[PDB]
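Take the sequence shown: its position 16, counting from 1, is numbered 16 in PDB author numbering, and each next residue is one higher.
Built from N, CA and C at the ideal position, the CB exists for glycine as well.
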Amino acid sequence: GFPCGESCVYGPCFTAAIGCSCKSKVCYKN
Numbered sequence: 001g002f003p004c005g006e007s008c009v010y011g012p013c014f015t016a017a018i019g020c021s022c023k024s025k026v027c028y029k030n
């Protein structure tokens, strides 16, 4: 539910490394 400070319009969430995921073009975790 909290933003990881990264977007994923065209690239992946490199913050997936800390458990984030792409949710409607913005990287979030919990």
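Exercise. Where does the unbroken beta strand (DSSP E) through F2 begin, and where does it stop?
Worked result: Within the sequence shown, residue 2 is the residue found at index 2, counting from 1. Counting along the chain, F2 sits inside the beta strand (DSSP E) bounded by residues 2 to 7.
For this session: Look up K29 in the DSSP assignment and give the residues it is bridged to.
Result: For this step, residue 29 is matched to residue 29 along the sequence shown. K29 is bridged to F2.
Problem set entry | Span of the beta strand (DSSP E) around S21 | As a working mapping, residue 21 is identified with position 21 in the sequence shown. 21 to 23 is the extent of the beta strand (DSSP E) around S21.
For this session: Taking the CB atoms as reference points, tell me whether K29 and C8 lie closer together than 9 Å.
Result: Residue mapping note: residue 29 aligns to position 29 of the sequence shown, counting from 1. Residue mapping note: residue 8 aligns to position 8 of the sequence shown, counting from 1. Contact flag unset, no.
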